[PDB]
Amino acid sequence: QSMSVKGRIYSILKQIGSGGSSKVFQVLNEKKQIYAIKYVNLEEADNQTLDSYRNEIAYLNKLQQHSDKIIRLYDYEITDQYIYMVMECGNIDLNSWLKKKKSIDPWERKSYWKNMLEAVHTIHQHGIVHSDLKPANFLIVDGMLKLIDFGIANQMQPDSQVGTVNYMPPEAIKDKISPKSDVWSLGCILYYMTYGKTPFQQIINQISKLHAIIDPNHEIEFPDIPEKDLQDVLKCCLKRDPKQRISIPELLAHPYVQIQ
């Protein structure tokens, strides 16, 4: 099987992602270099949808200059029928990798944290708030994490999380949305990387779950662990009041990412 994009031919090794109307393929080009290609069929896309796509793409293409913790987009072709995006290929996404994993090296955890902070900080500096961060938004590429999307393109549905509520901040439920909202969600991802679950994972009922998330009389548990700085990061990211919640520039100066 094969594909053409801006005049260059790519052979398909396998499919590494799917969707109703979208696929991601691992591929090789004419020089035997490997890449990932996202394909989007526009057949049934309305104008608002289309504009959400073009906006996500414009941002990806822009923000590439600004951080190597954003996935590399080398090229794209777009027509009225489809989109093809040629990207660097990662090894696996963070969600899949977390599920495959029984314990995480503290050093590796701290290193991924920093990467996530950096990428999210970068989008905040261009006025983007993702507001739906989750492990699937991050990709392992050469033992670094890279953010792959900005929360702008309309989402859909045909390893998997989407419409999930476990990372949703309290003020997204009540609904205002600020950069602080993305801190909660990163906080939830860090908590999963620390304790093996998300902070409200055990509450099965979705409505009970949402109620617990906004209820300040519901205490979140932070079992003691040998890295006290990690435990303080979690406590600080997961304040329900956004005005109380630590900020990204603060988290980047925190002893958890700075010390040793």
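Start at 1 with the first residue shown and count on from there.
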message = Among other entries of this protein with both neighbours modelled, does residue 176 go without coordinates in a third or more of them?
response = yes
query = Relative to the other PDB entries of this protein in the set, is residue 115 coordinate-less in at least a third?
reply = no
inquiry  = Going by the PDB record, how many residues of the deposited sequence fall between residue 175 and residue 176 without any coordinates: none, 1 to 3, 4 to 9, or 10 or more?
reply    = 10 or more
message = With respect to the deposited sequence, is there a break between residue 106 and residue 107 in this entry, and if so is it 1 to 3, 4 to 9, or 10 or more residues, or none at all?
response = none
note = Per the PDB entry, mean CA B-factor is higher for 92 to 100 or 126 to 134, namely for 92 to 100
request  = Quick one: say whether 139 to 147 or 159 to 167 has the higher mean Cα B-factor in the deposited entry.
outcome  = 159 to 167
ask   = Sorting the chain's CA B-factors, does residue 29 end up in the lowest, middle or highest third?
value = middle
query = residue 40: which third of its chain by C-alpha temperature factor?
reply = lowest
request  = Relative to the other modelled residues of the same chain, rank the CA B-factor of residue 224 and answer lowest, middle or highest third.
outcome  = highest
ask   = Based on the entry's values, in what third of the chain does the Cα temperature factor of residue 62 lie: lowest, middle or highest?
value = middle
Relative C-alpha B-factor of residue 68, binned into the chain's lowest, middle or highest third = middle
